[PDB]
4 protein chains.
Amino acid sequence: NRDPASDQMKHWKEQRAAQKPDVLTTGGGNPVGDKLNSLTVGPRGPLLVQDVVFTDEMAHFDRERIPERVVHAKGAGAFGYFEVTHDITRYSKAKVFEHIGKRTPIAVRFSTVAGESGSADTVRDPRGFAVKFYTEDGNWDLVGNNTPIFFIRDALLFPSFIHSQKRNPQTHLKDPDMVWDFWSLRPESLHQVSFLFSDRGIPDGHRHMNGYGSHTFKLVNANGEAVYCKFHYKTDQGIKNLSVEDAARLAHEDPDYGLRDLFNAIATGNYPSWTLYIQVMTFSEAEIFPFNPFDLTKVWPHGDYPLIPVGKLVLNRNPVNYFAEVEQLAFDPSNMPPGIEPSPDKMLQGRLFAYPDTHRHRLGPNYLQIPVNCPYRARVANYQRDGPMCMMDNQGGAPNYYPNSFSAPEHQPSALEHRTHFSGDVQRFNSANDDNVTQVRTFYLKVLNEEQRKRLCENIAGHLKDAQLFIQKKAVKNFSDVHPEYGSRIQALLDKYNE
Amino acid sequence: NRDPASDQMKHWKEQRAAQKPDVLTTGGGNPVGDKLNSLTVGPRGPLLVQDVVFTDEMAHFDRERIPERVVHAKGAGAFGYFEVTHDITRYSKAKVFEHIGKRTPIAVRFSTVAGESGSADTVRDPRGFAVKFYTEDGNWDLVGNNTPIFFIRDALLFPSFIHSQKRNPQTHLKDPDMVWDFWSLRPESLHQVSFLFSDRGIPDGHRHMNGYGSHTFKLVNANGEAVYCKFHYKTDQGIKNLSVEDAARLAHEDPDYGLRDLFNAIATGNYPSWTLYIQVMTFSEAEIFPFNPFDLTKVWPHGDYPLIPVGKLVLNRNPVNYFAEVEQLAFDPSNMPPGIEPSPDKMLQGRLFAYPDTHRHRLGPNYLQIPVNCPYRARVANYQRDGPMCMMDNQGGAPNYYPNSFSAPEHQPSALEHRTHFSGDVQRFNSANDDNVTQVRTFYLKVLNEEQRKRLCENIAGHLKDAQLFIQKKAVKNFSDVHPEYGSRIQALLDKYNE
Amino acid sequence: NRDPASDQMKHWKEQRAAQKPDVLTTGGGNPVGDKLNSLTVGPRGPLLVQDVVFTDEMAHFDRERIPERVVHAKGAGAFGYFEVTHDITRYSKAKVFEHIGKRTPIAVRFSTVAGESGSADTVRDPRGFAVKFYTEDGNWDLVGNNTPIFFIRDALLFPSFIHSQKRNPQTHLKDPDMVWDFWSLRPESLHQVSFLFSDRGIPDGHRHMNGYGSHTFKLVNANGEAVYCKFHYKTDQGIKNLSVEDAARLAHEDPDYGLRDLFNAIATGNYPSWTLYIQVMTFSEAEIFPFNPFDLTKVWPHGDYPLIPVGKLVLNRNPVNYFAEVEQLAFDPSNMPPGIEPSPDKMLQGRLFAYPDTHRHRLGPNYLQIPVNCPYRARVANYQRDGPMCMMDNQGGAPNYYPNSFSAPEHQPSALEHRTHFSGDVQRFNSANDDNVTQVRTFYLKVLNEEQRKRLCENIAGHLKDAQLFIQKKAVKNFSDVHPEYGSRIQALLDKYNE
Amino acid sequence: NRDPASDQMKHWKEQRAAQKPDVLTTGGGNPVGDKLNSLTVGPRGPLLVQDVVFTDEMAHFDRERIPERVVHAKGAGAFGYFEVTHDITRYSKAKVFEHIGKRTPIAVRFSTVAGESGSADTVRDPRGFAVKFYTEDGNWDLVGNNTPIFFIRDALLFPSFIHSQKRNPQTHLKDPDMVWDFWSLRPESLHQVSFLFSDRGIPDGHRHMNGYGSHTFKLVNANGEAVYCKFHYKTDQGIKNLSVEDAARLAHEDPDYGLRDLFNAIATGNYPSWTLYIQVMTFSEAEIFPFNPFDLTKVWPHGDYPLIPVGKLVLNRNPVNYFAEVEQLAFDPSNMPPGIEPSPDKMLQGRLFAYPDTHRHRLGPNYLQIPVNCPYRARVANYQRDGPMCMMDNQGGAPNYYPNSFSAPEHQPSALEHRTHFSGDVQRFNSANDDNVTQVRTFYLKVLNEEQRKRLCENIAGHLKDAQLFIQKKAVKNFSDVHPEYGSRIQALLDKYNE
Ligand code: HEM
């Protein structure tokens, strides 16, 4: 007897023993008479096109694959619910927060960032932690990571950052000179790079890590009053990490470690859960905040902005068909119910467009009619019609133009947005020189102990040693700009690694 | 008060008078507060990305269109049922003929051939008359025309023929030189051409024309015995045609004449219905038949192969959304249930590959998961998985391979195909010289009368006159090869049209 | 002999009389030995899969079609050059205006609006008139119509308007109730509706109509000084229209009238040409302008803003292949070279997204690598990589991220945008009741004469009569609000039409 | 200084030091003035739509990915030439074998089978060895593996075999039960499984393994005479293998080991090469051969059918952009020049369809117009037109139908296929019980030595122990059917592994 994942088929049969097997058909419902031998003219003769049983099956086999996600391609998924435990109705009128005890169906997808579909799970990388809330106001996607910050703060650098984290365009190899040339030319990355080369850069699966919206968002209550917030969801199973040596063994021992962990957990009843907190900032506090409160490379410290609890995320169901329910999951930061809205965070302003854009490419123009993506607890009605692979009644014979004298859907004025005043030149403002070291200094000195600082440097040096010396020299300098002992330790190790 | 088609929105509003209008939402189910005005900075300022209401609506509008059909693009649709009235179980075991009184749902498409989506209905053309039977053993797609025959008899000429009947690739205009250079270089077209330019070239809407499967097909009964057959469905409303004069007036007074006629008939309860017949040829009649009995340019004469009634087709329901239910309809001649099998007709052997093929391009790899296309009266079960726009549970966690020791679906030996014996070289055989005139001579002399022959010639000369002289000279010789006076009449009228 | 279009194939053969015909191949370059007869076992036997010549040719015929344009689907194309004849470098620094005498290649596509691929040319509808300039600074797409104004002034209403002008979702029939329910609930349409039912609603081919940029745009000279502008290109062949009586004859006698008139002109050396003008409005004239200067239902009167000439548009070359050079044409308003920039027109702003969006769907992710869409007089170099159907070297092994230390492309600071100050609430501002009648009154009284006013009203009532009475009454009211005699005339004609 | 692969960017900058960096443009050729900061309203404001520099680049990033190969996804590419060295023109007329010394440009792709794009290179799996010859008669794709044989012999079992070799449809994990349930239910796989689990299951990269075409193919000479042949291309660098211990270290130390080993070799002039041999079986010897000569699970022994040399394959060029030259590479077995034809092999017959079919999905309808797929040594001319992403003239204004009297391409009769006689019932013949053991027994006893048999069983037991007991027992039985001591040794080690 083995773990539950290995016994998948065994249980599919047992859960079925009472029935007779189904009749094996074509895609058109036509029963198949023999599907092990091809129609040929004679035992050693050629194949006929009259063999449409072969063409039907092969034709579909040939179209099985769709594009993998451009980022966060290697993923695990699970489904559960969100349950409200505390009252934050003064801040948000979102129905998903309406009363204590309110449950809402969720779907979660964990991921790495850089590796493709066949890569290993226990590698150094940020982790995705995307959560979709099926509310009565339409879906709410909270596309968060295992970290509160990112490496950049303008969306126009993002394709570049990703390119520098993936394969060299000629050799198709991971290229340290690309990784570090970028990071050293963009020191705003220093904060998240210090998180990444810490211990938490390799979590022991998906259940022992925290999630964060990382972005500043906006909450609007019933009076029309607004505050800015951060979301934190913290692991009730406790932070737990793999060491470098153990992560490396599992990388070839079990490439799908974090997939198998999550599936087995839920199957054995160990339902992982997370505690949803927010931080709140008023509009006033936002004007006096020392840094840019919409700079994704900055946290809101806890002492000044403590955590307010909201509710629990619980995962208690495994997917049944991985493709249908995880590969085809699509999270849009732009899916926001009334009560939740976006900040002016440059990076989040780019994500408002990019996600729906790529989903119409990766999955298709009507990807929101796929079941896991459908807002199935909301009544979807508008003037949008047709498109490839239209799957409902296409809203029937309703008038498809607005306004109209024939009683099709109407706009709901109470769902209008919060009005904010802005003034300034319409212009590309340079955010490369916002504070890039202060919060990092704090992390290095007051969050890490001495042993962790030591490991931080060894993990950095073990990867940076493969870059050229002019890149090393520049990266080390950025590290000295945080703390001279941060830089001179790294440089002591590189001096050895360089023989 | 007007015809019922014009009152569609009027009635749509009346059937809703009681309830309230729906909440107008995004495709994500998020209610919109205002959808007549965009999100801008100040009344005369620029448009914001934050306006995800606009993006969501505009983006879908931008994706409304799919590739029209490559032929038969102008279409009208309706729905109904097939009812058995006579017993032909001695020839076929197809569940759709199981017993008298048995109904099966059907869906029909009427079309022209050459015109694109906006072309007129009342033009000289063949008419598609495609019928989809939703049976228990999967779907059965009788994809016929309003002719028993076609212009050619080898599929390799089909892309060519169609190119010649569409727009010149530089000027994008209808070209008579193309049209008649082909027809006169392939005189196998004489038989169908004669049909086209007579009175039935322009039927008075789709309810006053017959439908034929034109190919020879194979029926198989419960003992394993097989016969060949032809399908005829004859209009119970009576053949009725339009004059060249009236067809040309309506071509600009109502380009959608046939579409309108069908909708209004059904809406006022005047339901159209056809009578399905079959002809039956034994295998040993097929060896002694004077022509090639699988020649798609040949009919089976009635005197020797009389019509055997089978039942009624009845259209009694209009589509609710034309796009979802008519435009996305996909018919595959290779959708054949046990009891119905292909002949060796070279032209039908091509259509077994072409239709599924083009449907994966026009509609999508999983187009059979579109409702109106679905085999909703059978159980689809097999080892096909994934593909873009997967719309069911993707078959669940069922074992995806075959054979297996876990009781996934099994093959049904009774559904094997009938086995024929064939012997001969594997090579390309020349069919350009099968009897191209005999059955036409009969049509011209014995079926048509004096006035119809006169009109047949006028209609041909009135379109052949715009081709070059060397092309007219050749066409006329092919016509002369049917009957001297056939050519003589056309050539006398051409001598006049050429001033 | 016949017109030059009809003789296209004749001339192709003549231009090749001297050579031998090419060898006919598969798409893989494998010569074909027979393509009229299919590979079969015996003369009357089944088709084989081994017949890759059939499948290679049938596979591509099955994928011949692409989605037609969602609007303006029916179009005609030609190519030529733009030439500067006057100096407007004090307003715009764009390299297409640099000096008198400079020539830039162009590509033009004329079109109707609503009719699909097969509809008639000679119908009442606006006419598209899009102009692609191939600049050294990249492409410039002046996507114009044959009117200065449009029916609506907010992009959100654009799907609706179109839906109302196209087919009823259930009957697939042009619906008068949809047309006028919309127009009568949105009286901003009054201006362009009076343009459309006037003599210029049906132009006599594409050479006898003007072209307008319609939108206000922004020009920026070398000093950084900016003005607002309007592009008018006026036919050098003279305004010429068709009467309702003749347009309806041709609509069935020659559906492709405009397409034939443009090819035949060019082929016979009668090259059509236009004269490009601008209006100019300083930022300070924009502030005092009585209406909203960015309202697309409004014109700038000539007395206050006279026409300034710029150059000539000349069309002097037909397409060689219509699909590759016309059907696949893609104009993006957003393609704007330094010195030409958008105004805050709500409609234009919307079009900045729409066109690239739909072109990725209609043509594909890399649609700008199609030769006719290529900026083949600039040097494209950036950090975009891959995609479906990637056709060049994909920019080689160049570093693919930015910034980088390995000398891949750099930004050009002189090509930054003009900076404008905006201030206001971010909200949805209601423009429904900007002045809707003033400039229409002027048109009805001062531009048309007695006869033309008569025909304008007969054309409006000849179409509005089919709508319901409550829709009629409302429209007429909207027409009275322009002038009592406007709506009263229409109402007198409607009274007769309603028997 | 480092290896060449890591100095890629270093050498790109050096090879450019003379010139100045290009101007960074949009896709449309428009220079950008700042691509590090986004267009906003005030420094902490929201993002505008008229930031088309952002949109244009993100929209393409969002569409960088295409579908991965449905098998053999992980790959490494190189280009070179094929040079004839011996005269086989008595067997084949193919222009690639015309004379000694004749060179042809080639392109080769190496791969594994079951891992996705991200997986490691040093795992136990077959290896792809696909060769594209660009001959004057079009392209010749020889789609070969590093084995003479394969696991199955009917293509209707392919999708299933591949499903079992990949991931569980619910857990997304590698599932030994699926692996061995399939293999133990289809003992035909015994031959190739004993190859897979010997030392050659893991090659030391791609330069130290042989190539084979596995399938019997047909050769046809200038006289029309045919023979059946096998292609073997052996490594001039020598067979060399990784041990299980080192293959696993490298699977985490360098996932891309085989890719780097090829690139560094070519870059340093150590060009790998292969020797091309054929075996030859006359049609007479094919009637008396002891097994089925077209049984993909059978080799032709060397004693009876010796290797006949042909020429060399040499890889002396790396790719410059991996995506454009290696990921978009498409190989079709059906690309076969005159002189080379398929044999009736049931598995090859299915590859004649499957590959073009998946290539139209994976890449697109016109994937043969992608440079590296272009038959650029041959002249493509025919009657195929249009399609998504049509990239050349589209063959201009040339007549698009055949036959025609206007001098478009003609068929070449000498390119016709060899005619073979076939006689037999058209049915599905069982091939499950062709001799499944005999050649395996020879391998085990006569090809392997003592040590190698021991490791063969250890490799097998290490993997089979994770399957259920009932699957183990059945697999061992199939190994006892080869040789009692084969099944014995495996059962003694499974007894230990099961504690
Ligand atoms: C402007 C900056 C960014 C851009 C342009 C961007 C772009 C993308 C794209 C195109 C995808 C693919 C989505 C799909 O295929 O369905 C994706 C996935 C994802 N992104 Fe980002 N991203 C950005 C920053 C971020 C940030 C700040 C976070 C978290 C705070 C994040 C978290 C994720 C996650 C978790 C996924 C995987 C979603 C899934 O499992 O389907 N990304 N991103």
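Numbering starts at 1 and runs along the chain as displayed.
Recorded method is electron crystallography, 3.0 Å.
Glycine is no exception: its Cβ is also placed from the backbone N, Cα and C atoms.
The phosphoserine annotation in Swiss-Prot covers B:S6 (among others). Its own atom aside, the Cβ of B:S6 (phosphoserine) has 20 Cβ atoms within 10 angstroms in the protein chains shown.
If you look up Swiss-Prot, you'll see B:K10 (among others) marked as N6-succinyllysine. Annotation note: B:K10 (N6-succinyllysine) sits in a helical segment as assigned by DSSP. In this chain, no residue six or more apart from B:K10 (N6-succinyllysine) has a CB-CB distance below 8 Å.
According to its DSSP assignment, B:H72 (active site) is coil. Sequence-distant neighbours of B:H72 (active site) (same chain, 6+ residues apart, CB-CB distance under 8 A): B:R109, B:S111, B:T112, B:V113, B:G128. As annotated by Swiss-Prot, active site applies to B:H72 (among others), with the evidence given as experimental evidence.
Around the Cβ of B:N145 (active site), a 10 Å sphere holds 22 further Cβ atoms from the protein chains shown. If you look up Swiss-Prot, you'll see B:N145 (among others) marked as active site, on the strength of sequence analysis.
Other Cβ atoms within 10 Å of the Cβ of B:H191 (NADP(+) binding site) number 28 in total over all chains. Look at Swiss-Prot and you will find B:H191, B:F195, B:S198, B:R200, B:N210, B:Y212, B:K234, B:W300, B:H302, B:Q439, B:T442, B:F443 tagged as NADP(+) binding site.
Taken from Swiss-Prot, the feature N6-succinyllysine covers B:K218 (among others). Within 10 Å of the C-beta atom of B:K218 (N6-succinyllysine) sit 20 other C-beta atoms, taking all shown protein chains into account.
The number of other Cβ atoms within 10 Å of the Cβ belonging to B:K230 (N6-acetyllysine), over all protein chains shown, comes to 22. The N6-acetyllysine feature in Swiss-Prot is assigned to B:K230 (among others); the stated evidence is similarity to another entry.
Residues annotated as heme binding site in Swiss-Prot: B:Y355. In three-state terms derived from DSSP, B:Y355 (heme binding site) belongs to a helical segment. Taking the Cβ of B:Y355 (heme binding site) as reference, residues of its chain lying under 8 Å away and at least six apart in sequence are, in sequence order, B:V143, B:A330, B:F331, B:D332, B:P333, B:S334.
As annotated by Swiss-Prot, phosphoserine applies to B:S414 (among others). Note: B:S414 (phosphoserine) has non-local neighbours B:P338, i.e. same-chain residues 6+ apart with C-beta under 8 A of its own C-beta.
Secondary structure at B:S431 (phosphoserine), as computed by DSSP, is coil. Here the Cβ of B:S431 (phosphoserine) has 20 other Cβ atoms within 10 Å, regardless of which shown protein chain they belong to. The phosphoserine feature in Swiss-Prot is assigned to B:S431 (among others).
DSSP assigns B:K446 (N6-succinyllysine) to a helix. For B:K446 (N6-succinyllysine), applying a Cβ distance below 8 Å and a minimum sequence separation of six or more within one chain yields no residues. The feature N6-succinyllysine is assigned by Swiss-Prot to B:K446 (among others), with similarity to another entry given as support.
According to Swiss-Prot, the feature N6-acetyllysine maps to B:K446 (among others), an assignment based on similarity to another entry.
The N6-acetyllysine annotation in Swiss-Prot covers B:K477 (among others). Of all Cβ atoms in the protein chains displayed, 13 besides its own lie within 10 Å of the Cβ of B:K477 (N6-acetyllysine). For the recorded site, B:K477 (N6-acetyllysine), the DSSP three-state label reads helix.
What Swiss-Prot records for B:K477 (among others) is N6-succinyllysine, and it gives similarity to another entry as the kind of evidence.
Per Swiss-Prot, the feature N6-acetyllysine maps to B:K496 (among others); the stated evidence is similarity to another entry. Every protein chain shown contributes to the tally, and the Cβ of B:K496 (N6-acetyllysine) ends up with 9 other Cβ atoms within 10 Å.
When the modified residues B:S6, B:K218, B:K230, B:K496 are ranked by how far their Cα is from the Cα of B:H191 (NADP(+) binding site), B:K230 comes first. Cα distances from B:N210 (NADP(+) binding site) to the modified residues B:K218, B:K230, B:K477 are smallest for B:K230. Rounded to a whole number, the C-alpha distance linking B:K477 (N6-acetyllysine) with B:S198 (NADP(+) binding site) is 19 angstrom. Counting only the Cα atoms, the space from B:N145 (active site) to B:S431 (phosphoserine) is about 23 angstrom. Here the binding-site residues are B:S198, B:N210, B:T442; the one with the fewest Cβ atoms within 10 Å of its Cβ is B:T442. For chain A, the nearby recorded positions by a Cβ gap under 8 A number none, drawn from B:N145, B:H191, B:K218, B:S431, B:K496.
Annotation note: B:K230 (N6-acetyllysine) sits in a strand segment as assigned by DSSP. Each of the binding-site residues B:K234, B:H302 was assessed for Cβ neighbours inside 10 Å, and the highest tally belongs to B:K234.
Spanning the listed NADP(+) site, residues B:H191, B:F195, B:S198, B:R200, B:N210, B:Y212, B:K234, B:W300, B:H302, B:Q439, B:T442, B:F443 have a farthest Cα to Cα distance of 21 Å. Secondary structure at B:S198 (NADP(+) binding site), taken from DSSP and collapsed to helix, strand or coil, is coil.
Under DSSP, B:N145 (active site) is assigned to a strand (E or B) in the three-state scheme.
Filtering of the recorded positions B:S6, B:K10, B:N145, B:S431, B:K446 by Cβ separation from chain C (threshold: under 8 Å) yields B:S6, B:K10, B:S431, ordered along the sequence.
In terms of C-alpha distance, the listed modified residues B:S6, B:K218, B:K230, B:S431, B:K496 place B:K496 closest to B:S198 (NADP(+) binding site). Comparing B:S431 (phosphoserine) with B:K230 (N6-acetyllysine), their Cα atoms are 21 Å apart once rounded. Distance between Cα atoms for B:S6 (phosphoserine) and B:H302 (NADP(+) binding site): 44 Å, as a whole number. Cα-Cα distance from B:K230 (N6-acetyllysine) to B:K496 (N6-acetyllysine): 42 Å (rounded to the nearest whole number).
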